[PDB]
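J.: Below is a structure I'd like to ask you about.
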2 protein chains.
Amino acid sequence: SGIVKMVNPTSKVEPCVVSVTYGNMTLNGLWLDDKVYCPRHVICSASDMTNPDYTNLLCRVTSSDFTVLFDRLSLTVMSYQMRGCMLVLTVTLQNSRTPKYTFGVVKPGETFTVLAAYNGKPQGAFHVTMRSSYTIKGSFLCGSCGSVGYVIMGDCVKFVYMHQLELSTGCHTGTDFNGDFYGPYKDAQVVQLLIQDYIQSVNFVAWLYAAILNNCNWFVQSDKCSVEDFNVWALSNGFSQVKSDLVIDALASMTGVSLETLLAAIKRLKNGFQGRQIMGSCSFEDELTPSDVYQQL
Amino acid sequence: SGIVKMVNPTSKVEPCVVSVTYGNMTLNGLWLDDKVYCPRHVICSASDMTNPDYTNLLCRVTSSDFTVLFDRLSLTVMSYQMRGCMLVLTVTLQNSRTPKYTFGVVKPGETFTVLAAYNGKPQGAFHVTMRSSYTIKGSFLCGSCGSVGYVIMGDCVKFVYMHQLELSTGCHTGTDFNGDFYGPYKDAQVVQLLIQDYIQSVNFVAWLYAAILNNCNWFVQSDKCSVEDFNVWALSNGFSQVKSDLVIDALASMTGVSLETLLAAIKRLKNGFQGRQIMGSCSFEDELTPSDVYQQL
Ligand SMILES: *C(=N)[C@H]1CN(c2ccc(C(F)(F)F)nc2)C(=O)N1c1cncc2ccccc12
Ligand SMILES: *C(=N)[C@H]1CN(c2ccc(C(F)(F)F)nc2)C(=O)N1c1cncc2ccccc12
């Protein structure tokens, strides 16, 4: 028993972290097969930052200007391409330790592991949840750009995130491996306000199902609220729309508690917990998906 | 900016996880050099559990009864010894991937990474804080015993924990690598109540220092409380004793805020936050050490 925010082990991703250097700027990259992915803002001088013309910048750049470094092993660039807001660098050496990988995209509420790295050296890992603001609440410093976010599907690493920007204090965003930014965010030094965020409803239902299986069920009552009626209320109460997951149905069977019983509980809890905790908390814990709690039950 | 509970990367510890099997019971072990460490309760039958006589049990056990399995590679036992509540099994094969390791012990408030494993296969990792109850709030299921907790010191893995028991819902404990249990806990199927826990004061001071550097300082006032006077108050208010750390002094210089200013704030916050959050929370966040927050600043 017990519920925590868990990360995937990091041994499949650690051998792919490289250092990428251009002029007086060093950030991180991902070395997969004969290619190195990294944020394109590595070619930005502190003068060309407010509205950078990346096509003009890539004219005065050659493969030789790029210094890719796996640990202390120098890698040689053959060519480079701009795929959205991401640079793809073809190297001469194949990454022998390339895992079985796929390039995916997370939706709000979904979770992944970030392998934080500085100077191509992994420092540690942390669990994040993509918010409805298309940002993550991470912990990143000066040289953290290019750190990747991933999810292990069986024996496959689904790479879903590349660290690019800090929009505000503790508010982070980046691109998918197609070079596309999550949300409307851009790689420019301008004021970037956040997209509207909500409490991730199905993730809070997951916390309640896990609480029931962790000997905590005070919130379960006679009351019942249909998915359709809860969705109408959620629009004006800071909650996201609920879509019944296959894992939600599995959790409902294990507890004998219908999803509709839990949606009614959420509405009551909106006006207060009244000093009662649910697994050590009086908050809307919405950072774990139904399948994140299922794996711990 | 941003503060999260981070784990150490897991690539140095993953190659040491083995499966340990005795009869109809399978748990996890740590394979370091030519030795395999695992909980001694692997030799307990469901009849001899309330008050097990382990010396009597080890008479009817031979090296051949032990089945150590790294992935699908079978390891052969030469001999076995009981070191406290831990079994040490000498194998014929050296672990070629043994990291630079040391055996240590955590004190309450200190943090480490747990690499959760089932059947000798690592499932994931999570950050824990040793509580004053000499337990951790982990997430473990049926076959999780033998999962290790560790801390990376430079290039060295300090192994500090071996999962042994679930005392209560979401309340976990185990031994150090000398086979000694944290707290007064025993490996017997009896009711085991928890040692008194407290709010880890220096860890909450660490959260406040990090909050100041994360543009949140509403709690800083004119008020000042000495270490000595705060320690007297803490005795009857659920807070642990404060010892000024070298990292606390470093954090005090970076902010210009003395430790004594923060101890006074803690006393005011004891009677309420009044709807004001400190980095998204209205609780005594005491799970990160001063040096855990220092690494993220
Ligand atoms: C990542 N290493 C740095 C650099 N960076 C950045 C963003 C935008 C631009 C440009 F040119 F406008 F497109 N250039 C550089 C950025 O935001 N960084 C970053 C990322 N995460 C966290 C932090 C914390 C502190 C300072 C910089 C951070
Ligand atoms: C760990 N794999 C299991 C087994 N276990 C256990 C504790 C004590 C004893 C004995 F004989 F009294 F000494 N035998 C077996 C135990 O507590 N386990 C455990 C550990 N963590 C979590 C869980 C969750 C569910 C069930 C068992 C758990």
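What is reported rests on the model, the rules as stated and the sources as named; these are not laboratory values. Counting neighbours? That spans all protein chains shown, and the Cβs are built from the backbone with ideal geometry, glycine included.
J.: Which of (1) more than 19 Å from the chain's Cα centre (by Cα); (2) away from chain A (no Cβ under 14 Å) is the odd one out, the single condition residue B:216 does not satisfy?
T.: Checking residue B:216 against (1) more than 19 Å from the chain's Cα centre (by Cα); (2) away from chain A (no Cβ under 14 Å), the one that fails is (2).
J.: Still on this model: For region B:200-285, which helices (runs of 4 or more DSSP H) that fit wholly inside it have 1 or more residues that are free of Cβ contacts under 8 Å to residues at least 12 places away in the same chain? Walk me through how you get there before you give the answer.
T.: Numbers: elements: B:201-212, B:227-234, B:246-255, B:259-270.
Ranges flagged: B:227-234, B:246-255.
J.: For a quick check of your reading of the model, give me the residue pairs whose first member lies in region B:8-22 and is within 9 Å of chain A (Cβ to nearest Cβ), whose second is surrounded by fewer than 23 Cβ atoms within 10 Å (Cβ to Cβ) and assigned to a helix (DSSP H, G or I), with beta-carbon atoms closer than 6 Å and at least 6 apart or on different chains.
T.: Filtered contacts from region B:8-22: B:9/A:14; B:11/A:14.
J.: I've got another one for you. Go through region B:258-290 and count every residue that is farther than 21 Å from residue B:233 by Cα and among the aliphatic types (A, V, I, L, M).
T.: Of the residues in region B:258-290, 3 are farther than 21 Å from residue B:233 by Cα and among the aliphatic types (A, V, I, L, M).
J.: Counting only residues that are surrounded by 22 or more Cβ atoms within 10 Å (Cβ to Cβ), more than 12 Å from chain A (Cβ to nearest Cβ) and away from ligand 2 (no atom under 11 Å from the Cβ), how many does region B:132-156 have?
T.: Summing the residues that are surrounded by 22 or more Cβ atoms within 10 Å (Cβ to Cβ), more than 12 Å from chain A (Cβ to nearest Cβ) and away from ligand 2 (no atom under 11 Å from the Cβ) in region B:132-156 gives 3.
J.: Within region A:164-201, how many residues turn out to be closer than 23 Å to residue B:211 by Cα and not hydrophobic (A, V, I, L, M, F, W, C)?
T.: Summing the residues that are closer than 23 Å to residue B:211 by Cα and not hydrophobic (A, V, I, L, M, F, W, C) in region A:164-201 gives 8.
J.: Kindly establish whether residue B:143 is away from ligand 1 (no atom under 16 Å from the Cβ), outside any strand (DSSP E or B) and on the phi > 0 side of the Ramachandran plot. Lay out the reasoning, then the answer.
T.: Working: away from ligand 1 (no atom under 16 Å from the Cβ): yes; outside any strand (DSSP E or B): yes; on the phi > 0 side of the Ramachandran plot: no.
Here the answer is no, as residue B:143 does not meet what is asked.
Conditions tested, residue by residue: (1) closer than 28 Å to residue A:137 by Cα; (2) within 16 Å of ligand 1 (Cβ to nearest atom); (3) surrounded by 15 or more Cβ atoms within 10 Å (Cβ to Cβ); (4) assigned by TED's automatic domain parsing to the domain that holds residue A:54.
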| site | (1), (2), (3), (4) |
| --- | --- |
| A:190 | yes, yes, no, no |
| A:194 | yes, yes, yes, no |
| A:214 | yes, no, yes, no |
| A:220 | no, no, yes, no |
| A:223 | no, no, no, no |
| A:230 | yes, no, yes, no |
| A:233 | yes, no, no, no |
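J.: Would you check if residue B:44 is within 23 Å of the chain's Cα centre (by Cα) and either touching a residue at least 40 places away in the same chain (Cβ under 8 Å) or away from every other protein chain (no Cβ under 14 Å) (or both)?
T.: Details: within 23 Å of the chain's Cα centre (by Cα): no; either touching a residue at least 40 places away in the same chain (Cβ under 8 Å) or away from every other protein chain (no Cβ under 14 Å) (or both): yes.
For residue B:44, the condition - within 23 Å of the chain's Cα centre (by Cα) and either touching a residue at least 40 places away in the same chain (Cβ under 8 Å) or away from every other protein chain (no Cβ under 14 Å) (or both) - is not met.
J.: To continue, here is another question. Can you give me the number of residues within region A:1-32 that are over 23 Å from the mean Cα position of the chain (by Cα) and not β-branched (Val, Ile, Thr)? Steps first, please.
T.: From region A:1-32, those over 23 Å from the mean Cα position of the chain (by Cα) are A:1-2, A:21-25; that's our starting set.
Remaining after also requiring not β-branched (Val, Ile, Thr): A:1-2, A:22-25.
Selection size over region A:1-32: 6.
J.: Contact list please: Cβ distance under 9 Å, first residue in region A:116-127 and more than 10 Å from every other protein chain (Cβ to nearest Cβ) and among the polar types (S, T, N, Q), second residue surrounded by fewer than 23 Cβ atoms within 10 Å (Cβ to Cβ) and not in a strand (DSSP E or B), pairs at least six apart or on different chains.
T.: Once the first residue is more than 10 Å from every other protein chain (Cβ to nearest Cβ) and among the polar types (S, T, N, Q) and sits in region A:116-127, its partners that are surrounded by fewer than 23 Cβ atoms within 10 Å (Cβ to Cβ) and not in a strand (DSSP E or B) give A:119/A:143.
J.: Looking at region A:259-278, is at least one residue within 14 Å of another protein chain (Cβ to nearest Cβ) and small (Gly, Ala, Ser)?
T.: yes
J.: Can you confirm whether region A:166-178 contains a residue that is more than 10 Å from ligand 1 (Cβ to nearest atom), within 19 Å of residue A:7 (Cβ to Cβ) and not in a loop (DSSP other than H, G, I, E, B)? Steps first, please.
T.: Initial filter on region A:166-178 (more than 10 Å from ligand 1 (Cβ to nearest atom)): A:168, A:175-178.
Filter once more, keeping what is within 19 Å of residue A:7 (Cβ to Cβ): none.
No, because not a single residue in region A:166-178 is more than 10 Å from ligand 1 (Cβ to nearest atom), within 19 Å of residue A:7 (Cβ to Cβ) and not in a loop (DSSP other than H, G, I, E, B).
J.: For residue B:191, state whether it is touching a helix residue (DSSP H, G or I) at 6+ places or on another chain (Cβ under 8 Å) and aliphatic (A, V, I, L, M).
T.: no
J.: Pick out, from region B:1-108, the strands (runs of 3 or more DSSP E) lying fully within it that include 2 or more residues that are out of contact with any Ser or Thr (no Cβ under 8 Å at 6 or more places or on another chain), more than 16 Å from ligand 2 (Cβ to nearest atom) and closer than 30 Å to residue B:291 by Cα.
T.: Those strands (runs of 3 or more DSSP E) span B:101-103.
J.: Filter region B:155-174 down to the residues that are within 19 Å of residue B:43 (Cβ to Cβ) and under 10 Å from the mean Cα position of the chain (by Cα) and list them by number.
T.: Those that are within 19 Å of residue B:43 (Cβ to Cβ) and under 10 Å from the mean Cα position of the chain (by Cα): B:162, B:163, B:174.
J.: I've got another one for you. What's the number of the only condition in (1) within 11 Å of another protein chain (Cβ to nearest Cβ); (2) surrounded by 19 or more Cβ atoms within 10 Å (Cβ to Cβ) that residue B:168 fails to meet?
T.: (2)
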